Structure formats: structure tokens, C-alpha cells
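Down below is the structure, laid out as C-alpha cells.
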Amino acid sequence: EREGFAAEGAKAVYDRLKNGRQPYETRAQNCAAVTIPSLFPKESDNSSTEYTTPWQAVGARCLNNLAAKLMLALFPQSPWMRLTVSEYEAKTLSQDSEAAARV
Amino acid sequence: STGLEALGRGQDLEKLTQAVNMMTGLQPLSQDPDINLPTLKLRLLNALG
Amino acid sequence: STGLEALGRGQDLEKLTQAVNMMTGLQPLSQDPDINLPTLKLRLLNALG
Amino acid sequence: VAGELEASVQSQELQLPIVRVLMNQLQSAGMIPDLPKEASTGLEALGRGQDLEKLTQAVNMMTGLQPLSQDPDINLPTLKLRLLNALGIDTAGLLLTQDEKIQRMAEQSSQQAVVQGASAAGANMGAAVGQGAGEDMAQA
Amino acid sequence: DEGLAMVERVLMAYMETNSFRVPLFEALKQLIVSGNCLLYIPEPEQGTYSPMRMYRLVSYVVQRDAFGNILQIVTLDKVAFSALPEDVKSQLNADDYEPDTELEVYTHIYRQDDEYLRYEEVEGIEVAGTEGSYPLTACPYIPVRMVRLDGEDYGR
Amino acid sequence: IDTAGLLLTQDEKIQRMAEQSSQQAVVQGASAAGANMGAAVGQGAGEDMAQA
Amino acid sequence: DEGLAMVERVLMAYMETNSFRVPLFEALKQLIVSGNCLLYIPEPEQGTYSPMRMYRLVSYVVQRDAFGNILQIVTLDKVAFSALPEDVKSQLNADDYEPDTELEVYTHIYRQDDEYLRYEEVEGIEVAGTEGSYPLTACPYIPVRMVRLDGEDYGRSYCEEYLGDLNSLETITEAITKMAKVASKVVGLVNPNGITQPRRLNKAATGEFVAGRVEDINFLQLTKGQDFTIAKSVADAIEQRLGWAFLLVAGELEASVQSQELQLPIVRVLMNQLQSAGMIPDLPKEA
């Protein structure tokens, strides 16, 4: 009957732990203001907010280029898995020279 | 949509072309009495997917 | 994983290609009456892995 | 080859110690065959490359002695032996002996004879049956 | 030679499946900066995931001879009560501990009469069921050095 | 260069002829016999079968 | 000739399974900076690991004749009480020592009547079971020299001939470097007989109009004339001349004394010992 980690509810665990994310959000907001100000908005923004252009345009090129290349390398069109079976176990069980190929 | 769509048929076409090119070069070895051609072709086709 | 995923199916293709290229180069030696051909083929296959 | 261009200590502190542990644990679990009682790199990554180079050189030099096969004044079997010895490569199963050639002759003879007989048998049977059918049908 | 090659192929495949290539790249970067690292290889099984592990310089202790032999190794870990195995958890009282509290676990390997000995200690007692021994040339703890001087623990 | 085993003496050139003659006389005979036997059996089989 | 090449393959394989290539690289680097090193080849065994060792100059002693003969060698080792073999431990009472106390052992090899003798000693007492004998041409201890003179023990080095040039290069480079950290310090200089006040230039903003003149401000600088090109060119010439002496299939394309002091002695100890172990066939008498 909800013994451990769950003796107080769902909206109670969420409120205690909400204060651990504070440094990371501030640091990310500092980072995302010289490259693309609209990439990481705050939690108190609405239709009327205006995003201003930084004085230099070197961050955007670098970020877009790296994001493109990383995905080109990580996820190709051909499969990126193998699903292999152990060797020497076909050998101790097979009786013909055309078993590994069929598997 | 476009995941593998514009190259949806091109992916098949490239694989088929490579298979034909590989099977073309095994004709000189058709008079060698120490080679198992049927299994070699199967192992050559399984290495492309 | 991904260290050997695109080449996981490519190492086999490269080895088979090299085996075919080296096997196609023993045809002028087919009539030599002093060479033990099958054992030479076995050693050549062993030298690759 | 590009992976073998060095424009030594970590082959005794990271590589040989990792192989000597996995040959003990995998054998005790039944995942490797039981190795006989008592029987890294620098010359390992080239361990098979050296064999490939030696065999390729041997084949290349054996290819060039084909024009001289009709010279009645040359002892070819000893010339081949000297050429093999000049390289240092082993000569376990690369040359035939005084025996183990009559067997090859017999195999070749039988292989030819069986096909030569079968072809003629089939042709004669076909000709005879065709003539019989024609002579029976030529009055229709 | 056929069987001799098959064995190498199997050894390579096993090391490919259980990912060994991520810890090694990390280890090679700590050698250039600090010069030290440790490696641990868990016991193999049939159908389970058993990855390799790496320790930094701030988590282990070594004592060496002047000739260059290894005599003692001790390591330290920090785990939570709910993440402990039940067999180890069966020698403690659950009332005193709540989930998310942390314990410290020690492992000691030393040399005695041409072999190695091993045991595990928690709190102030020794956990039953961890005793063992290793051959003098198959110890699965491998301290690594980069530059070796004379009569000195650890490398530069 | 040493000339120990690179030239053929006046003798020891008879065994070469003996070997080559033996090879020819075996291969030709086997090849000639096989086809004749096959044709002989095929002719009779066809003659007996085609009557019906 | 076919049978004589198998024996040469068996020898090279024994030096790759027992790791002989790591000590040699370290030995070849001590010869250039100091000029001496020692090598030991342990007795071979059928199925164990017996690597080759190396000693530095600060751990052995040799005595030679004026002709160039070797008469005595002594070495030194330091081991703990738990790393010792149990037979040696049997002859020492364990109560006195602790598992982490270092002992000192010695080895002595001397010449007597056209042969060599040896033993070992610990704490002034000779260990039983370590005596032995060696022929006059198969001693497994090999002192190595790089540059040989007449009538001296040990040898000289190769880097010793080029010390003045390195010293001069360092002397010039130090000054060239240190004249660059002085020329990157900012110091303004205002004129005490003018009309501008350093207080107005400091409290201004990014764009403003302030009262002053530009003839009253100047900056300190290092006005050294043709005293930079001379030093730079001389240093470049020294470096170029140093580059020609250290060389800054193709085996015979690149490329003498080290074939009588290192290579031939190793080949004559391996064939003496592998025959007795039982790993190569019994060669004929002289042949």
C-alpha cells in the first residue's frame, strides 16, 4: 500500500526536488543568449515577449553545423544494429556446412 | 513522408546495382573444382543485407 | 553499439572481396605439375582470418 | 597499412594482462574449448600481414617461370626449391613429392572417361529413338 | 591454425558485445593528465550484461615494493540502502535505515603464500559469502602507469 | 652463381622422356576407352527400347 | 639449407612470446645519454614466463684489464620479505622480520681457470643452492659500451661531443624570451609643464568631449635597435648545424661496433641454453 518512496503522494515529491534544478536553468539561460535567444525560453513568457538580435552571428552557424553533423554520424540510413548469435555454439550443434548462413 | 521516401526506391536500386556488380566478377572462377559457388553466393548476399 | 555498426557488416564484405581478388590470380598456375594447389588455397585463406 | 604507420611500454601494462584473465574465466564457464596443457603487438598486427606478403611474393615469382617450361636443359623442381629457400618461407605443403602424383593422374583419367562415355550414350539413344518414331510415323 | 584463429574470433566477439570501448577511451585521457587509473573485469555469465568499470585516482590505494611488486589494494564505494542486493541486505536491520541513506563498502586484496586473498567489509563487520582467491598471474585488478621511475608508487 | 642443380647432365635426361611417355599413354587410352564403351551401350539400349 | 632455416624461425619466436622488445628500447636510450647498461637473460623453461631485465649504471660494478678482458661483476637488488621464494625464507627466522621489511641480496661472478663461477649472499651468509658455473663464451651478463677508449672501464656517450652548442643556444634563447615579457607592460607618461589633468581622462564615459591636448601624453617603449636580428640569426644558424648531426625494403636504404658488443653475444647464449632445455635439435659438433 505505497510503502516506500510513495508514502506522501505525487505532488509533494515533485515540490521538494524542484529546487535542485536551479543552477542548471540559470546557466543554460546564460548560454542561450549569444547564439539563439529563442532556443531556451523562461517559464514566464507569453505572446508579447520580444527577442533581440545579438551583435554577432558566429554562434548560430557553429551550433547548427554541429547539430547536423552529429545526427548524420549517429543515425545513418542503413541499420545500426547487428543482433548476433554466439559462435562455437552453432559449431557444437550443427551437422552441416550451411547452418550459420541460414541463421 | 521523407524519412526514406525520396531515396525510398533509390536505396533498393543501389543495393541491386551493387549485387549485380559483385555477381558479374565471379565468372572467371567457374572452372575451379575446389570452390563451393552456391554457398559463396549466399555469403556474399548476406553481407549486404 | 556503434563503434563497429556500419563496418560490422562491412568487414565481412572487405574480406570476401580480397579473397575473391586473390583467388582470381591463380589461374595461370593451373597447369603447373609441381604445386599442391588446395593446400596453397587453404594457407592463403588462413592468412586472412 | 595506414593503421600501421608509427611516425612500447603500454604493451606490457594494458594489453597482455587483459588477455591472460579472459582465457581463464571464459574457459571455466564453458564458452571456450579446453586448451592443451602447456603449448600482443609489434609483430602481431603484422602477424598475418607478413604471411600475406611472403605468399604474394612467392606467387609472383612462380608466375614468371611459365615461359621456361619447354627448355630441355633446366632442372625446374630444384630451381623452385632454391627460390623458395631464398625467401625463408616454409615449404610444408607447397610442393609435390615423388608419390602423390599417380593418384592425380588416375583421378584426371577417370573424370574425363565418365563424361566422355555418358555423352555418346545419350546421343546414340536419342538418334535411335528418333529414327524409330520417324519410321513409324512416316505412313500417316 | 584453424582452431587457433577461431579462438581469437570468439575472444574478439565477446569483448565487442559487453561494451569495453567506452571505459578504455576514458582511461586513455586520464593517463595524459594524471598518469594513473584502475580497471576491473567482472566474472562472465551466459545471458547477462557484465560491463567493465573504471576508478579514478581519488578512490583506491596501492602499496608496492622497491623491486616493483604489488602487495596490497583497497577500494571504496558509496551505495544506497535500497540499491543493495538482498543477500547483503539480509545481515542488517531494516528499521534503523530508511531508503536513500548511504553506506560505504570496502574491498581488500593482499598476498599470502604464492596467491591472493579477498574479502569484503561493510560498516565494521565482514559480509559472509564474498571470500575467494586468485592465481598469482590472473588477478582482475590492473593498476596502470604511464612513466615509471625507480622505487616509487604510482607513475607520472 | 652456383651451378649445382640448375643444369641437366647428359644422363638423367631419359627418365623425363619415360615419365612424359607414360602420362600420354595412360591418358589417351583412358579417354579413348570411355567414349567407345558409352556409345556401344547406348546403341544397344536404344535399339532394344525403340521397337515398341 | 632448408633444414637450417627452421632453427632460425624457432629462435625469433622465443623472443616475441617472452617480451624481449621492451627492455631493448629502454637500453638503447640509456646508451646515448650515459653510455652504459647491463642485460640479464634468465634460464629458459618449457611453459612459464621469463622476461629479460636491465640494470642502470647506479646498480652494478665491473673491473676490466688493460687488454680489455672482464674479471669481476657484482650486482645489487632490493626485495621485501614476502616476495622471496619460500626455500630462502626457510633459512631465516620469521620472528625478526615483518612482511614489509626490505632485504639486500648480492651476486658475485669471477674468473678461475678458464671458466666462471657464481653464488649469492644475504646478510653476510651464502644462500645454499645458488652456486653454478658458466663457460668462457656463454656468460649471460652482457655489459655494453658505446664509445670505447684504451685502458678505461665503462664507456663514453655520444651527446658529450655537443655540449657547448646546447649551452650557447640556451643562453641566447633565455634572453630572447625574457625581452618579450618586459615589452608588454603599459605605462603612460604625462608632462608636468602642460595643461591636461589625468583625473578627467579617468572619470569620462564611452563617448564624451573633455578638455585637454594630445601633446602631453605618450607611452613608454623599448627602443632596441639592430640587437634582435643578430641574436635571432646566430641562434638559427646554431640550430641548423645541430639538426644535421641527429638526422632530423628501406632497411638497407637508411643503413658497426654494436654488432660485436650486443647482437652476437645474445645469439651465442640462446643456442647454448635452448639445446639443454630441449627445444631445438642437437646440432653437429663443429659444422
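Just so you know, the sequences run in chain order S, U, X, G, P, D and F.
Using the UniProt record's numbering, read the first sequence as starting at 3 and increasing by one per residue.
Using the UniProt record's numbering, read the second sequence as starting at 422 and increasing by one per residue.
Using the UniProt record's numbering, read the third sequence as starting at 422 and increasing by one per residue.
Going left to right, the fourth sequence walks through residues 372 to 378, 385 to 416, 422 to 522 as the UniProt record's numbering numbers them.
Using the UniProt record's numbering, read the fifth sequence as starting at 106 and increasing by one per residue.
Using the UniProt record's numbering, read the sixth sequence as starting at 471 and increasing by one per residue.
Going left to right, the seventh sequence walks through residues 106 to 353, 372 to 378, 385 to 416 as the UniProt record's numbering numbers them.
A virtual CB, placed ideally from N, CA and C, is assigned to each residue, including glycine.
In chain order, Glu207, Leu208, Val210 place their CB closer than 8 Å to the CB of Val184/P, counting only its own chain and leaving out the 5 sequence neighbours on each side. Per the C-alpha coordinates, the member of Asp201/F, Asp106/F, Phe125/F positioned closest to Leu399/F is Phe125/F.
For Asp433/X, a Cβ of chain U is located within less than 7 Å of the residue's own Cβ.
Take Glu231/F, set aside five residues on each side of it, and the residues of its chain with a beta-carbon closer than 8 Å to its own are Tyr224, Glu225, in chain order. If you look at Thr94/S, you'll find it isn't in any beta strand (DSSP E); DSSP assigns it neither H nor E. In summary, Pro147/F is exposed, with fewer than 16 beta-carbon neighbours lying within 10 Å of its beta-carbon over all protein chains present.
One thing to note: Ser501/D has its Cβ within 7 Å of the Cβ of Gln494/G. Counting every other CB atom within 10 Å of its CB across the protein chains shown gives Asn141/P a total of 16 or more, marking it as buried. For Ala185/P, the secondary structure class from DSSP, reduced to helix, strand or coil, is strand.
The three-state secondary structure of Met159/F, taken from DSSP, is strand.
Leaving aside the five residues that flank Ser187/P on each side, the residues in its chain whose CB is nearer than 6 Å to its CB run, in chain order, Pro204. Between the region 402-416 of chain F and the region 147-162 of chain F there are three or more C-beta pairs closer than 8 Å, enough to call the two in contact. When DSSP states are grouped into helix, strand and coil, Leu437/G belongs to the helix group.
With a cut-off of 8 Å on Cβ pairs, the region 39-58 of chain S is not in contact with the region 79-87 of chain S, counting fewer than three such pairs.
For the pair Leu144/F and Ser164/F, the CB atoms are not nearer than the 7 Å cut-off.
Exposure of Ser422/U is indicated by the presence of fewer than 16 other C-beta atoms within 10 angstroms of its C-beta.
Straight-line spacing of the CA atoms in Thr86/S and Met159/P works out to 27 Å. Following the DSSP letters along the chain, one finds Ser492/D inside the alpha helix (DSSP H) bounded by residues 484-519.
Residues of the region 121-136 of chain F whose Cβ lies closer than 7 Å to any Cβ of chain G, in chain order: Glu121, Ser124, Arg126, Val127, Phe130. From the beta-carbon of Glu100/S, the residues of chain U found nearer than 7 Å are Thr460. Approximately 6 Å separates the beta-carbon atoms of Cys264/F and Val138/F; this is inside 8 Å, confirming the contact.
Collapsing the DSSP output to three states places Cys33/S in a helix. Exclusion of the five residues before and after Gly229/F leaves no residue of its chain whose Cβ lies closer than 6 Å to its Cβ.
Not a single CB atom of chain D sits nearer than 7 Å to the CB of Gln480/G. Interface annotation, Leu477/G: in contact with chain X, CB-CB separation under 7 Å.
At the C-beta level, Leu477/G and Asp455/X come within 7 Å of one another. Its Cα nearest to that of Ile38/S, the residue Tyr53/S stands out among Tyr53/S, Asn67/S, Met83/S. When C-beta distances to chain G are compared with 8 Å, every residue of the region 201-218 of chain P stays at or above that value. The DSSP assignment places complete alpha helix (DSSP H) segments of no fewer than 4 residues inside the region 11-78 of chain S at 12-18, 24-33, 61-76, in order along the chain. If you check the CB distance, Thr445/X and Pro449/U come in under 7 Å. Residue state for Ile471/D is assigned as coil, using DSSP reduced to three classes. Buried is the label assigned to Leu447/X, since at least 16 other Cβ atoms lie within 10 Å of its Cβ. Contact with chain X is absent for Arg464/G, since none of that chain's Cβ atoms lies less than 7 Å from the residue's Cβ.
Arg114/P: member of the alpha helix (DSSP H) spanning 107-122, first to last residue.
DSSP places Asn442/X within a helical segment (H, G or I) once states are collapsed to three. In this structure, the straight-line span from the alpha carbon of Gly317/F to that of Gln302/F is close to 8 Å.
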